[PDB]
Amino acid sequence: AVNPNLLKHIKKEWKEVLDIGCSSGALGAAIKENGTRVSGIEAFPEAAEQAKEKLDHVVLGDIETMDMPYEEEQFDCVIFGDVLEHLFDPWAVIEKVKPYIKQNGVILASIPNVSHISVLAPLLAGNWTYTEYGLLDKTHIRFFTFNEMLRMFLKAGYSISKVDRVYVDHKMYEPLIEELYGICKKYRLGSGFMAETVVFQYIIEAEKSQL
């Protein structure tokens, strides 16, 4: 299923895109309508076999350990749509893909926010309940806040070009959110609690750079 939040960041002029976790290839198929050549990587065979008939090149494999059958500087964009939190070493994976990105190409990543009020309220209630879907999806094994997203990309030698915030309804939580913000201010806990606890996911464009 496409993340509609990602498609709006796809540039029509891109020539080559790599979709990491391409599933059955629906996002790539959409991108291909622009003429862009789309490569995908998928770990589940049934999905990878569907993607093979839609995309230009598909690997059935694990990004964390696979050989990379691409040219240096092949890709305008490498997409991590709701992937990084499923990997054991996401930090290593973003460095691994870097040589395959063009000069001034980008990573486009959608990353769930662990500081979202829907995780923080139950945690205060004494719960960390894994679910079929959502922020505590049972297949999620890594967690990130915005600060940690920024650190991850910056330390891998990417610069942050764009940040898009995806919000969900949180009207019921507002009073709780305002009281918690009072405690952060009082206790000098960070900055941006209010701006960040309402963000469900971040879409980040990170441009290839150096340290």
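Just count from 1 along the sequence shown to find any residue number.
Judged by mean Cα B factor in the deposited record, 48-56 ranks above the other of 30-38 and 48-56. Remark: stretch with higher mean C-alpha B factor among 17-25 and 190-198 is 190-198.
Out of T129, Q74, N104, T139, the entry records its largest CA B-factor for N104. Among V163, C184, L154, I63, the highest C-alpha B-factor in the deposited entry belongs to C184. The deposited CA B-factor of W91 belongs to the lowest third of values across its chain.
Split the chain's modelled residues into thirds by C-alpha temperature factor. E174 is in the highest one. Annotation for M149: C-alpha temperature factor in the lowest third relative to the rest of the modelled chain, per the entry.
Annotation for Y133: CA B-factor lies in the highest third of the chain's modelled residues. In the deposited entry, the Cα temperature factor of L7 sits in the top third of values across the chain's modelled residues.
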